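Student: Let me begin by handing over the structure; questions about it come next.
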Amino acid sequence: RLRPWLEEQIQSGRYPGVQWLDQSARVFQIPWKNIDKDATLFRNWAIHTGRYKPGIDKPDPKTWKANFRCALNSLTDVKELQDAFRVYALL
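So the sequence shown is residues 7 to 39, 47 to 96, 105 to 112, counted in the UniProt record's numbering.
Structure representation (structure tokens):
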């Protein structure tokens, strides 16, 4: 379920740093950066997967980021391009 969701998130542009680097190639970029106030991809992914209920349980970005890294790293159809940001290609 992560690949369909992630595609629209890059598209929304409502996540600073989360943008296409080569839209033709579906190559995009995630800002990989215990308090984070911002509405990051990790937070909204925890919201969407039902694992964070804003305002009623206490924010926790360490776990948001950890759990997003598990989902994204286990996608077979998303590959990381490697040599504070990660570059991925949709496939």
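C-beta: ideal position from N, C-alpha, C; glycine also.
(1) Cα-Cα, which of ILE48, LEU111, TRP58 and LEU94 is closest to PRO72?
(2) Which residue's Cα is closest to the Cα of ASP51: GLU14, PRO67, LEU8 and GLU13?
(3) By how many angstroms is the C-alpha of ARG56 removed from the C-alpha of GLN95?
(4) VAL24 and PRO37 look like a contact to me (Cβ under 8 Å); what is the Cβ gap, rounded to whole Å?
(5) To the nearest angstrom, report how far apart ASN80 and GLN17 are at their CA atoms.
Tutor: In short, the structure shows the following:
(1) Reading the sequence shown from its first residue, position 59 is the one you call residue 72. Of the listed residues, the one whose Cα sits closest to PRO72 is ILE48.
(2) By one-based count along the sequence shown, residue 51 stands at place 38. Out of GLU14, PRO67, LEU8 and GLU13, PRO67 has the C-alpha closest to the C-alpha of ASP51.
(3) What you label residue 95 is simply residue 82 of the sequence shown in a count that begins at 1. What you label residue 56 is simply residue 43 of the sequence shown in a count that begins at 1. So the alpha carbons of these two residues sit roughly 25 Å apart.
(4) In the sequence shown, residue 24 corresponds to position 18, counting from 1. In the sequence shown, residue 37 corresponds to position 31, counting from 1. Rounded, the Cβ-Cβ distance is 7 Å, consistent with contact.
(5) The count along the sequence shown starts at 1 and reaches residue 80 at position 67. The count along the sequence shown starts at 1 and reaches residue 17 at position 11. Computed Cα separation, rounded: 22 Å.
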